[PDB]
């Protein structure tokens, strides 16, 4: 997250921290994710497409810090890694960038709700906030494009939803952005998500209720003028989510 303010996992109880195991013992941060139910973590396919290997992943819930423990955090293994079969990556755009991680503790349990671990509501069929609505994004992504390391503390910022018409303008993204995607940036281009934030949540208050409206997917640079962050439009993938989460 470029700019924005440092936060805790009490303010973003649905945020999951996904890490990948390595040969030797080194664990590195992969992507963010969201807890949509106690045995499911949504996230983006581009995060795992190169290493489809569920045993290599570790998911943390209730964790505020990158490389250190948080009282009340819970560690989970990945029981099932579901990637979207129609996923593809173009010059900049990532299509059908959505994934599901069935989680389970070493005891075989799923997440246990607490003040630091809570689920986020999914949207209704084709029901998104009006364009111009303020929404929040959270993540352990880069603070600056020139950084090679990620911040140690979780961050968050507020961005505004941008219409498909504006985002489809030539100076923006043109025809690269589709209706299955959502743009969203700061009117001053000062804050935005960045590398490392992928898979994280784009949360919008929809009728008094926190809803998971988008998933951090792609963008040209970070906080660049006329180059909004692009998110996977969650409301357009409800049938896919429901079918893979049943049994």
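Residue numbers count along the first chain shown, from 1.
Using the B-factors recorded in the PDB entry, average over the C-alpha atoms of 43-51 and of 204-212, then report which stretch comes out higher. Stretch with the greater average CA B-factor: 204-212.
Can you let me know which of the two, 215-223 or 64-72, has the higher average C-alpha B-factor in the entry? Looking at the record's C-alpha B-factors, the answer is 64-72.
Maximum C-alpha temperature factor per the entry, among 96, 124, 157, 119, belongs to which one? In the PDB entry, the greatest C-alpha B-factor among 96, 124, 157, 119 is found at 124.
When the modelled residues of the chain are sorted by Cα temperature factor, does residue 147 land in the lowest, middle or highest third? As the PDB entry reports it, the C-alpha B-factor of residue 147 lands in the middle third of its chain.
Residue 196 by Cα B-factor - lowest, middle or highest third of the modelled chain: For residue 196, whose C-alpha B-factor we compare with every modelled residue in the chain, the answer is the lowest third.
Residue 34: which third of its chain by C-alpha temperature factor? Its C-alpha B-factor, which the entry lists for residue 34, ranks in the lowest third among residues of this chain.
What third of the chain, by the recorded C-alpha B-factor, contains residue 111? CA B-factor rank for residue 111: highest third.
For residue 83, the third of its chain into which the C-alpha B factor falls: Tercile = lowest for this residue's CA B-factor.
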